[PDB]
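K.L.:
One structure is given below, represented as structure tokens, and several questions about it will come after.
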Amino acid sequence: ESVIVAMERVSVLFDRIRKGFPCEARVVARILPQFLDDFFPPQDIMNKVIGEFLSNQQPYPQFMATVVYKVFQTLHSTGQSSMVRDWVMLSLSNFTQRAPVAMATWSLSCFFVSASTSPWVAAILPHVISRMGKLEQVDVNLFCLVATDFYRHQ
Amino acid sequence: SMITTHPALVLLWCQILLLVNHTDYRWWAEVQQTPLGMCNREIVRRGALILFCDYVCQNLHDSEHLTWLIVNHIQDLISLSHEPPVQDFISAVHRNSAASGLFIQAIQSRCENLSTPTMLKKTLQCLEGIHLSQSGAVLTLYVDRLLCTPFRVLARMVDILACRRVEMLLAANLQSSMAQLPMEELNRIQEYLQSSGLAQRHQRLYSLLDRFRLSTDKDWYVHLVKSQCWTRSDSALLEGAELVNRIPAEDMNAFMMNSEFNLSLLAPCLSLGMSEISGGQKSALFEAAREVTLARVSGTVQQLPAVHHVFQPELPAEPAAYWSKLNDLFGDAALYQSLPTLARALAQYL
Amino acid sequence: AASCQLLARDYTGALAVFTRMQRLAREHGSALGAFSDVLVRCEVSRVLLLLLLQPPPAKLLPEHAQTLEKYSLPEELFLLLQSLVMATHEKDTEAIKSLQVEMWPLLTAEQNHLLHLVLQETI
């Protein structure tokens, strides 16, 4: 019975991400991934972050993308990483529908670079959110490179 | 001699001297001051320019007044463009080719005076619609002079006027467009666009201009952070800090010691070092930024004069020629631009 | 009161009291007199207080939509602040760095505090 109350209060937390001035969103984005990792198993937060990360009713996904990066990085144990990869498959089938195309390829590049391997892919992720829009051929190069680096991940 | 104690009677006498066709350029010169002042002389100058522009508005088939009035009084013409008679004069210059070309030439000779935002907005409202044979000259003036302003709305307005200008250039005849706009000047415009940063800031002008032309993983990450960090100046501040954060950190003093380095990233690097140290285990970002901050402070005080004398902002250049050294290496925009960056860095450090 | 809440750094309270001031002076102002001075100060500080805390479109009242539609009073101040709204929604640093040195004498002290807070939270 306490699980649905936890779902309700996590929904109120995401509601305070929905509205809210950017300092408040910085605070909720910083305190979020530790709370979501520590409180309950990650399937519910996975469903919630995919269902409330690609919403058109969202002011800006950048700190939410940092939330995505940290919640993927705290799920990098072995069977948990296979579950992560299955969630990447489900969420990329969700990504098959097109958003506004510049933000679409941007958020898809963030999702590729976040749930990824160890050595040098993660450190690019502040640079991917360094431009939110502004699609350029160099962004296509970075997106194709993280795509072919995820193709050898599977 | 009546001009100073009473302006309004001299403005009446200007209109009387206009209604009978007495146009001696010596008297209109000594009234309108052809190349702190008083107030009545300014009222007389503005009134004389207005009534003279209405005189050229009435009888315009005699066209020496247009050339003389546009060449000589050009800045003081556009400063008054929200009054009806000089507005009719402006709309009368918009129906001539040679007068509008001389007008854009006169703006080109005196563009450095049109640096205030109000006079520049009034030139943009005064170059709003001109004669169609003069479109190449106003496009060269738009891309050469009036696009490099720091004000963004004036850049936006001159962008919209330039895009409408190329749109009106394309709808006309191609033999009319090619005969006015040369190709080498077009390559000059395109290299001026691609030289500065206004090419990627404005997609529409470059797209329409190329349309008019065509009508006729380790070291790679090091290269990426060299692309992001080693620039002149940018808005990427926390982002550059997190980019230099995941450097292997056995080679930091190799990276920070560079001739072309964003020293403005040093204070966010120190803030990230503070967050990592107060969170848990120490960082190399903090000690790297500390070393290069103190080394650059020692360098920029090694460039200071040795025997220091006390500042006095009441009589600066009086005691010695030491102020030659405190204007030479001290008023230079490079070292002066480098100092408060290191002041932000030392503020975070202290 | 707005100067007090700006001292105690309740900026959203200053936004609420500034839109209440503009609502009152519009309702009683035909501007008539000193109501013009109120509208000038409130229009400069509400623009700077909208660029300081950039609201989401959910909490954005339609009055703020009207002012940011007007931006996306003396002439040099309107032109420089309109250029400053464009240079901030572009996020162009050197534009603002050269805009403040021209905008300093045209504003009072507390509005300069708000503009420095704008310049800090883009840098």
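Each chain in the structure tokens gets a letter, A, B, ..., in the order shown, and its residues are numbered from 1; ligands are numbered from 1 in order too.
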Within 7 Å of chain A, which residues belong to chain B? Use only C-alpha atoms and report them as a PyMOL selection string.

P.N.:
chain B and resi 217-218+236+239+242-243+246

K.L.:
Taking only C-alpha atoms into account, what are the residues of chain B at most 8 Å from chain C, put as a VMD selection string?

P.N.:
chain B and resid 117 to 118 150 to 154 234 to 235 237

K.L.:
Using DSSP on the backbone coordinates, identify the residues of chain C assigned to alpha helix (DSSP H); present them as a VMD selection string.

P.N.:
chain C and resid 2 to 7 11 to 27 34 to 52 62 to 71 75 to 90 93 to 103 109 to 120

K.L.:
Would you kindly return, as a VMD selection string, each protein, DNA or RNA residue with an atom no farther than 12 Å from any atom of residue B:126, considering only C-alpha atoms and excluding same-chain residues fewer than 4 positions away?

P.N.:
chain B and resid 74 to 75 77 to 82 86 to 94 100 103 to 104 107 118 to 122 130 138 158 161

K.L.:
Considering only C-alpha atoms, return as a JSON list (two decimals) with N, CA and C atoms, in the first residue's frame whatever protein or nucleic-acid residues lie within 9 Å of residue B:70, sequence-local ones (same chain, fewer than 2 positions apart) excluded.

P.N.:
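The result, written out as result-v3.json:
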[["chain", "number", "residue", "atom", "x", "y", "z"],
["B", 65, "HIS", "N", 19.81, 71.66, -54.66],
["B", 65, "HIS", "CA", 19.52, 71.68, -53.24],
["B", 65, "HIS", "C", 19.54, 70.29, -52.64],
["B", 66, "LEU", "N", 19.08, 69.28, -53.39],
["B", 66, "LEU", "CA", 19.09, 67.90, -52.92],
["B", 66, "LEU", "C", 20.51, 67.42, -52.67],
["B", 67, "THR", "N", 21.40, 67.66, -53.65],
["B", 67, "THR", "CA", 22.79, 67.24, -53.52],
["B", 67, "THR", "C", 23.49, 67.97, -52.39],
["B", 68, "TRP", "N", 23.31, 69.29, -52.31],
["B", 68, "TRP", "CA", 24.01, 70.07, -51.29],
["B", 68, "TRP", "C", 23.50, 69.75, -49.90],
["B", 72, "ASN", "N", 25.98, 67.80, -47.30],
["B", 72, "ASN", "CA", 26.52, 68.55, -46.17],
["B", 72, "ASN", "C", 25.81, 68.26, -44.85],
["B", 73, "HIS", "N", 24.50, 68.35, -44.80],
["B", 73, "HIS", "CA", 23.75, 68.12, -43.57],
["B", 73, "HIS", "C", 23.09, 66.76, -43.65],
["B", 74, "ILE", "N", 23.83, 65.73, -43.28],
["B", 74, "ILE", "CA", 23.36, 64.36, -43.37],
["B", 74, "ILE", "C", 23.02, 63.79, -41.99],
["B", 77, "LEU", "N", 20.27, 65.71, -40.64],
["B", 77, "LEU", "CA", 19.03, 65.39, -41.35],
["B", 77, "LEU", "C", 18.32, 64.21, -40.71],
["B", 99, "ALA", "N", 19.97, 60.70, -56.36],
["B", 99, "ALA", "CA", 19.87, 61.30, -55.04],
["B", 99, "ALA", "C", 19.95, 60.25, -53.94],
["B", 102, "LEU", "N", 23.60, 59.10, -53.78],
["B", 102, "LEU", "CA", 24.36, 60.10, -53.05],
["B", 102, "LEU", "C", 24.02, 60.09, -51.57],
["B", 103, "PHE", "N", 22.79, 59.72, -51.23],
["B", 103, "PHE", "CA", 22.36, 59.64, -49.84],
["B", 103, "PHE", "C", 23.04, 58.47, -49.12],
["B", 106, "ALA", "N", 26.52, 59.38, -48.60],
["B", 106, "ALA", "CA", 26.71, 60.30, -47.49],
["B", 106, "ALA", "C", 26.59, 59.60, -46.15]]

K.L.:
Atom CA of residue B:259 and atom CA of residue B:330 are how many Å apart?

P.N.:
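Those two atoms sit 19.5 Å apart.
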
K.L.:
Quick one: which residues from chain A are at most 10 Å off chain C, using only C-alpha atoms, as a list in words?

P.N.:
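Therefore, the residues near the partner are residues 18, 19, 20, 21, 22, 23, 57, 58, 59 and 60 of chain A.
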
K.L.:
I want to know what sits within 12 Å of residue C:44, based on only C-alpha atoms, with residues of the same chain fewer than 5 positions away left out; could you give that as an MDAnalysis selection string?

P.N.:
chainID C and resid 15 18:19 22 37:39 49:51 67 71 73:74 77:82 84:85 103 106:108 110:112 114:115

K.L.:
Please dump the current selection as a PDB file, in the first residue's frame; keep C-alpha atoms.

P.N.:
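Produced file part_14.pdb, reproduced below:
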ATOM      1  CA  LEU C  15       7.599  40.047  -9.342  1.00  0.00           C
ATOM      2  CA  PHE C  18       5.458  44.650  -9.501  1.00  0.00           C
ATOM      3  CA  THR C  19       2.689  43.098 -11.563  1.00  0.00           C
ATOM      4  CA  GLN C  22       1.309  47.755 -12.976  1.00  0.00           C
ATOM      5  CA  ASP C  37       7.052  57.237 -13.503  1.00  0.00           C
ATOM      6  CA  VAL C  38       5.587  54.140 -11.845  1.00  0.00           C
ATOM      7  CA  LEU C  39       5.115  52.487 -15.249  1.00  0.00           C
ATOM      8  CA  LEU C  49      13.057  40.397 -13.082  1.00  0.00           C
ATOM      9  CA  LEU C  50      11.792  38.195 -15.892  1.00  0.00           C
ATOM     10  CA  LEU C  51      15.273  37.706 -17.306  1.00  0.00           C
ATOM     11  CA  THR C  67       5.757  42.085 -21.964  1.00  0.00           C
ATOM     12  CA  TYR C  71      10.284  42.816 -26.069  1.00  0.00           C
ATOM     13  CA  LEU C  73       9.640  54.939 -21.379  1.00  0.00           C
ATOM     14  CA  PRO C  74      12.640  56.764 -22.857  1.00  0.00           C
ATOM     15  CA  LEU C  77      16.345  52.642 -22.489  1.00  0.00           C
ATOM     16  CA  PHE C  78      13.648  50.843 -24.494  1.00  0.00           C
ATOM     17  CA  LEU C  79      16.092  50.130 -27.307  1.00  0.00           C
ATOM     18  CA  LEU C  80      18.883  48.910 -25.044  1.00  0.00           C
ATOM     19  CA  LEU C  81      16.577  46.739 -22.943  1.00  0.00           C
ATOM     20  CA  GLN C  82      14.956  45.250 -26.032  1.00  0.00           C
ATOM     21  CA  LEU C  84      19.260  43.014 -23.924  1.00  0.00           C
ATOM     22  CA  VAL C  85      16.259  40.680 -24.019  1.00  0.00           C
ATOM     23  CA  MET C 103      23.138  50.986 -19.669  1.00  0.00           C
ATOM     24  CA  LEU C 106      20.275  55.196 -17.543  1.00  0.00           C
ATOM     25  CA  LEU C 107      19.233  53.036 -14.558  1.00  0.00           C
ATOM     26  CA  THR C 108      19.105  53.659 -10.826  1.00  0.00           C
ATOM     27  CA  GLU C 110      18.512  48.816  -7.472  1.00  0.00           C
ATOM     28  CA  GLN C 111      17.814  48.311 -11.162  1.00  0.00           C
ATOM     29  CA  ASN C 112      21.566  48.075 -11.645  1.00  0.00           C
ATOM     30  CA  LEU C 114      18.938  43.500 -10.884  1.00  0.00           C
ATOM     31  CA  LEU C 115      20.901  43.899 -14.106  1.00  0.00           C
TER      32      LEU C 115
END

K.L.:
Name the residues in contact with residue B:46 at a cut-off of 10 Å, using only C-alpha atoms, excluding same-chain residues fewer than 4 positions from it; report them as a list in words.

P.N.:
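Answer for this query is residues 11, 31, 32, 40, 41, 42, 50, 51, 52, 76, 77, 79 and 80 of chain B.
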
K.L.:
Could you tell me which of A:79, A:66, A:96, A:74 comes closest to residue A:111 if we count only C-alpha atoms?

P.N.:
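Of the candidates, the smallest distance to residue A:111 is held by A:66.
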
K.L.:
To one decimal place in Å, what is the distance between atom CA of residue B:147 and atom CA of residue B:132?

P.N.:
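Atom CA of residue B:132 lies at a distance of 21.0 Å from atom CA of residue B:147.
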
K.L.:
Please provide as a PDB file with N, CA and C atoms, in the first residue's frame all residues within 8 Å of stretch 285-301 of chain B, with the sequence filter that same-chain residues fewer than 4 positions apart are discarded (counting only C-alpha atoms).

P.N.:
ATOM      1  N   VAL B 244      36.823  19.509 -18.727  1.00  0.00           N
ATOM      2  CA  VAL B 244      38.188  19.335 -18.247  1.00  0.00           C
ATOM      3  C   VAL B 244      38.206  18.478 -16.979  1.00  0.00           C
ATOM      4  N   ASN B 245      37.038  18.235 -16.375  1.00  0.00           N
ATOM      5  CA  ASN B 245      36.955  17.410 -15.171  1.00  0.00           C
ATOM      6  C   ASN B 245      37.382  15.970 -15.439  1.00  0.00           C
ATOM      7  N   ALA B 249      44.317  13.448 -15.988  1.00  0.00           N
ATOM      8  CA  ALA B 249      44.849  14.189 -14.844  1.00  0.00           C
ATOM      9  C   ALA B 249      46.277  13.813 -14.464  1.00  0.00           C
ATOM     10  N   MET B 252      47.802  17.632 -16.713  1.00  0.00           N
ATOM     11  CA  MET B 252      46.974  18.818 -16.546  1.00  0.00           C
ATOM     12  C   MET B 252      47.770  20.093 -16.765  1.00  0.00           C
ATOM     13  N   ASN B 253      48.973  20.165 -16.184  1.00  0.00           N
ATOM     14  CA  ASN B 253      49.836  21.330 -16.366  1.00  0.00           C
ATOM     15  C   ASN B 253      50.320  21.446 -17.805  1.00  0.00           C
ATOM     16  N   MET B 256      46.795  23.133 -19.115  1.00  0.00           N
ATOM     17  CA  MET B 256      46.444  24.456 -18.612  1.00  0.00           C
ATOM     18  C   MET B 256      47.450  25.502 -19.071  1.00  0.00           C
ATOM     19  N   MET B 257      48.735  25.149 -19.087  1.00  0.00           N
ATOM     20  CA  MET B 257      49.777  26.045 -19.587  1.00  0.00           C
ATOM     21  C   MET B 257      49.681  26.048 -21.105  1.00  0.00           C
ATOM     22  N   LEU B 266      38.877  29.046 -15.119  1.00  0.00           N
ATOM     23  CA  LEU B 266      39.621  28.712 -13.913  1.00  0.00           C
ATOM     24  C   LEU B 266      38.775  28.795 -12.653  1.00  0.00           C
ATOM     25  N   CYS B 269      36.503  25.800 -12.627  1.00  0.00           N
ATOM     26  CA  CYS B 269      37.330  24.644 -12.303  1.00  0.00           C
ATOM     27  C   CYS B 269      37.635  24.592 -10.812  1.00  0.00           C
ATOM     28  N   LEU B 270      37.855  25.754 -10.198  1.00  0.00           N
ATOM     29  CA  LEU B 270      38.097  25.792  -8.763  1.00  0.00           C
ATOM     30  C   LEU B 270      36.834  25.465  -7.980  1.00  0.00           C
ATOM     31  N   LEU B 272      34.453  23.388  -9.030  1.00  0.00           N
ATOM     32  CA  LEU B 272      34.312  21.937  -9.120  1.00  0.00           C
ATOM     33  C   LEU B 272      35.327  21.210  -8.248  1.00  0.00           C
ATOM     34  N   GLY B 273      36.542  21.755  -8.125  1.00  0.00           N
ATOM     35  CA  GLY B 273      37.505  21.189  -7.191  1.00  0.00           C
ATOM     36  C   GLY B 273      37.044  21.291  -5.750  1.00  0.00           C
ATOM     37  N   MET B 274      36.402  22.411  -5.398  1.00  0.00           N
ATOM     38  CA  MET B 274      35.821  22.576  -4.067  1.00  0.00           C
ATOM     39  C   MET B 274      34.700  21.573  -3.819  1.00  0.00           C
ATOM     40  N   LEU B 342      41.748  36.844 -13.553  1.00  0.00           N
ATOM     41  CA  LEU B 342      42.527  36.333 -12.440  1.00  0.00           C
ATOM     42  C   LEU B 342      42.016  36.839 -11.101  1.00  0.00           C
ATOM     43  N   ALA B 345      39.436  34.386 -10.278  1.00  0.00           N
ATOM     44  CA  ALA B 345      40.122  33.156  -9.887  1.00  0.00           C
ATOM     45  C   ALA B 345      40.655  33.240  -8.459  1.00  0.00           C
ATOM     46  N   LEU B 346      41.309  34.349  -8.117  1.00  0.00           N
ATOM     47  CA  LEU B 346      41.808  34.509  -6.759  1.00  0.00           C
ATOM     48  C   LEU B 346      40.685  34.741  -5.760  1.00  0.00           C
ATOM     49  N   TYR B 349      39.726  31.335  -4.978  1.00  0.00           N
ATOM     50  CA  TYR B 349      40.780  30.673  -4.218  1.00  0.00           C
ATOM     51  C   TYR B 349      40.840  31.169  -2.777  1.00  0.00           C
TER      52      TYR B 349
END

K.L.:
For atom CA of residue B:114 and atom CA of residue C:101, determine how far apart the two atoms are, in Å to one decimal place.

P.N.:
18.2 Å
